[PDB]
Each structure stands twice: as C-alpha cells, then as structure tokens.
Amino acid sequence: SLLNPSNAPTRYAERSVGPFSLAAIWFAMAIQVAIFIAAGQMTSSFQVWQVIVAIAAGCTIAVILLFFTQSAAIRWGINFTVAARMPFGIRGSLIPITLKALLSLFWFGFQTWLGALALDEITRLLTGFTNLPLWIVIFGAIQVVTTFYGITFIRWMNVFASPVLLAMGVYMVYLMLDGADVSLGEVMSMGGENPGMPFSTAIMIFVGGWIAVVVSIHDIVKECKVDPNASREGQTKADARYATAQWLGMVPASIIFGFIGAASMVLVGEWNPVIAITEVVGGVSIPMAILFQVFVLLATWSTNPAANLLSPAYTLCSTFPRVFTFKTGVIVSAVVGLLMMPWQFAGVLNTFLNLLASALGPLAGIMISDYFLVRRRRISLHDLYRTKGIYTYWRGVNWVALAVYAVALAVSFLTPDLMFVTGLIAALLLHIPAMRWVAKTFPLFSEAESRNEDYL
Ligand SMILES: O=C1NC(=O)[C@H](Cc2c[nH]c3ccccc23)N1
Ligand code: NA
C-alpha cells in the first residue's frame, strides 16, 4: 500500500480554492523576474507588440492545456505524482516524474537566487554588507517555512500581493515612459532589429515557460472547490470556469510585465528594469531603490513556493510515504534544489524554454489521452495507492508507455520549431493504439473503483 495522510486524495470538505482564488494565485504567480528576461531577449527577434502577442498566444495554449490536465485533480483531489502512475507504471511513472521534479527543482534554486540577490541588495543599500550565500540559505529557508503552511499561505499571500504587484507594475511603465518622454504606442514598435527566429517558436517559448507548471498543476488544483453532484455538462463548465480563471490570471499579469522586460531591453539595452529606470531617470533615492527590491522579493515569493516547490515535495511523500511527509519533502526539496546551484546554468532561457516544451509535450499528451480517451474519466483511486493492481503492469512499469514517449519525442525532432505541438499530438494519438494493445494483457478498469467515493 502506497497511501499516507499527505499523499491522500483531497476530500470535498477539505477543498479551499474556488475560481476567483485561482485567478488571484495565477496573477501573482505570473509576476516574476524570469519573464523580463524572456520577453526582453525577444526584442532581439521581434518588436514589442509582437512579443506581447507571442505572450498572449503562449498563455492561451497553456490554458487550453490546463483545461485538460486539471480535470482529474479537481474532480478527484489527487497528486501529479500519484496521477502519473496510471499510464506509466506505479514505479515506471517515477521516470518522467523524476525528469519533471528535477526541472521543477531547477526553477526553485533559480528564483531563490534572484530573491536572495534582492534581499542582499536591500541590506547592502543600508549596511553595505554584501554576503549573498547567507541570504540565499535564509531565503530558501523562509520559503520552506511558509510552504509548510501549504496552499493556505500561498492563497493568502497571493491575494494581497496581486494588487500590490499589479500597482507596482503599472507605476513602472509610467516612470519609464515619462522619464524618457515617450508615449506607449511609440515604444510598442521599437524592437526586432535582428530577425531570424520564426514567430511560432516565439509562442513556443512562452508555452515552454509554464509547461512544467501546466503539466503538473494537479498539486494546486486538487485543492479546488468542486460539486460532486454535477453532470457531464456541469463538470465541463466547471472545468471551463477554472480554465477561464487561469486565463484571466496569467495573461494580463504576464503581458504587463512581459512588456516591462521588453521595454527595458529596447530603451536601454537591458531587460532588468532596475538599470533601465535608474538610468532613464538618472539615479533614484535609497528608499525608492529598496522599494524595487521589495518588489522582486514580493514577486518571487508569489511564484517560487507554489510553482516550484510543491510538486517535488509531493513526489517524495507519495513515493516514500513512510519516509517523507509533505513538510519533510518540502525541506528535502529546498535543500536538493539549492544544491543543484542552477545559477551556473550556461546559455539563455529562451532555448531552455524551447528545451522544456519539446521535453514535456508528450508527457502532457499521454496524460490527457490515458484519462480522457482511453479510460473515459473512469478511474480507480483504490489501485493508485497499492503496489499491485491494474496500474502495476509489468512488475510496476508500463514499458509500452515509455516507448510511446520515446517515439513521440523522435517525431518531435522532425518539426523543430513546433516540436511540442507535434510531440503532444503524436504522443496523444499513439497512446490510443498502444493502450488498446496493453489492454489485451492488462485490465483498464477495476471493481474497487466503486470505493472511489470512500476516499472523498
Ligand atoms: O515551469 C516553470 N516554473 C518556473 O518558475 C518557470 C517560470 C518561468 C520562467 N521563465 C518564464 C517566462 C515566461 C513565463 C513563465 C516563466 N517555468
Ligand atoms: Na510572483
């Protein structure tokens, strides 16, 4: 048996996130340094308005993906890590999940770094003392302790950060434009003086940004509010209402701040607004500096925990259920995370983001397909928490599913600028015959699936 209180499905009465709250989480979750860089570097290949469009487009495909990847977690309250057990093995799932927990972990140490940079700047702008690693640890630690409070903290922290972050951001655009004596419309076409990159791969970069979160949203949305006595059409509007809430959360947030990163690049040659505003205005007071850094910190805190630390936590406490608990998995994830020292990753994000999409495109495709197409939303919680059942396949691993992943990954390389969308579509479609084959050896349903409601 693999069940423990932390890795257990989330009971209807325990659920706490409705549609407004999820929008309020996503809005603050999208406001984070990294998109300055991405949208900034994009000004190299396109002008600002197109970048904004590549952002809105990439945001929209992500949401279309969310509508599907979130449906089982909302309805059944389950983990990502737990949910992967279905198509891949009970243990075989650990392979893609380890890939993904690693990715997830990589982002955590990265943003902790950016956060640390911020706190260290506030202090050295007061005390001149400029030790970074200590502020690294201290921040990693603080996140761990606020993450102990799971989604309860996340949800309260993001509702108050959101408008503040929204305001700090709208202010930023006024200060730049003003101090440079430029209208909004003028800046809207200042970029793109070195074309070469296709616009599709631009969209693919901003999708590649959130692919990890989208593919494992479970860990957030297993906390969402559901009415168990809906219907097919009421369950679908529920899905659509949530997906819509995520759209209104990540789009308007990441457009304003994507634009800020782009504007910085194009006005002054740097994606970082500290520099761009400092120059254009010719220095700023120590308060107003400290301020900016308070922003960065507030913008990191609203993204890192929820987006980067939750899912490996749940991976530990759900694979080693008597060894780890949520809180302990949080401690082990933030330590490994920082010990990956990701701040030394050479290159630029864009290509990394191009890496992230074509690497998880089939994973999202296989999960959407197994649950929606193969099984028809008809799942067995019982067997998900037991070493030997209908999801055990060949001694814990479903090799045919690991094959479909490879194959789809291959075909993906035949269309480099759309890698992700072919690999998703390929994995999606192949899972069907592959699964109609595996179904001749192993059963797709179980009697114990009638105990589903016992869990809830
Ligand atoms: O899956 C992810 N977890 C993270 O922290 C990053 C977030 C992230 C990094 N770069 C971006 C550019 C645009 C939008 C989001 C991002 N991606
Ligand atoms: Na944030």
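Residues numbered from 1 in each chain as written, not as in the entry; some residues may be left out. Chains lettered and ligands numbered in written order. Heavy atoms only, no water.

- For this coordinate set, the PDB header names X-ray crystallography as the determination method and states a resolution of 3.400 Å.

- The chain has the name HYDANTOIN TRANSPORT PROTEIN in the PDB entry, where Microbacterium liquefaciens is given as its organism.
- The deposited entry bears the title "STRUCTURE OF MHP1, A NUCLEOBASE-CATION-SYMPORT-1 FAMILY TRANSPORTER, IN A CLOSED CONFORMATION WITH INDOLYLMETHYL-HYDANTOIN".
- Its UniProt record gives the chain a comment under Subcellular location, which states: "Membrane".
- Entered under Sequence similarities in the UniProt record, the comment concerning the chain runs "Belongs to the purine-cytosine permease (2.A.39) family." (UniProt positions renumbered as here; feature names shortened; annotations may be inferred.)

## Details of the site of ligand 1
Then, in step 1: Surveying the vicinity of ligand 1 reveals the residues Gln32, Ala34, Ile35, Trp107, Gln111, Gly209, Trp210, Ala212, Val213 and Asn308.
Then, in step 2: Between ligand 1 and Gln111 there is a distance of 3.3 Å, counted from an oxygen atom to a side-chain nitrogen or oxygen.
Then, in step 3: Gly209 is positioned with one of its backbone polar atoms (N or O) 2.4 Å from a nitrogen atom of ligand 1.
Then, in step 4: Contact with the protein chains covers 99% of the free accessible surface of ligand 1, which is 400 Å². (Near = heavy atom within 4 Å. Polar contact = N/O pair within 3.5 Å; in protein donor to acceptor, adjacent residues only side chain to side chain. Areas by Shrake-Rupley, 256 points an atom, 1.4 Å probe, with all protein chains shown as cover.)

## Structural notes on helix α2 (residues 34-41)
Then, in step 1: Across the eight residues that make up α2, a large majority, seven, are buried.
Then, in step 2: The complete set of buried residues in α2 reads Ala34, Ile35, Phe36, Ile37, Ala38, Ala39 and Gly40. (Buried < 20%, exposed > 50% of the residue type's maximum accessible area, 1.4 Å probe, protein only. Helix = DSSP H or I, 4+ residues; strand = E, 2+ residues; numbered from the N terminus.)

## Some remarks on the pattern of salt bridges
Then, in step 1: Scanning the entire structure with this criterion turns up seven salt bridges.
Then, in step 2: The residue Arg124 makes a salt bridge to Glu121 at a minimum N-O spacing of 3.0 Å. With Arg124 and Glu121 both in helix α6 (residues 94-127) and three residues apart, this pair spans about one turn of that helix.
Then, in step 3: Exposure remark for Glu121: the relative accessible area of 22% places this residue in the partly exposed category.
Then, in step 4: Residue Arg378 is joined to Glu449 by a salt bridge in which the shortest nitrogen-to-oxygen separation is 2.8 Å. Within this pair, whereas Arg378 is found in the loop between α17 (349-374) and α18 (381-384), its partner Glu449 is found in the loop between α20 (419-438) and α21 (452-455), the two being separated by 71 residues in sequence.
Then, in step 5: Exposure remark for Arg378: the relative accessible area of 42% places this residue in the partly exposed category. (Salt bridge = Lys/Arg side-chain N within 4 Å of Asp/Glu carboxyl O.)

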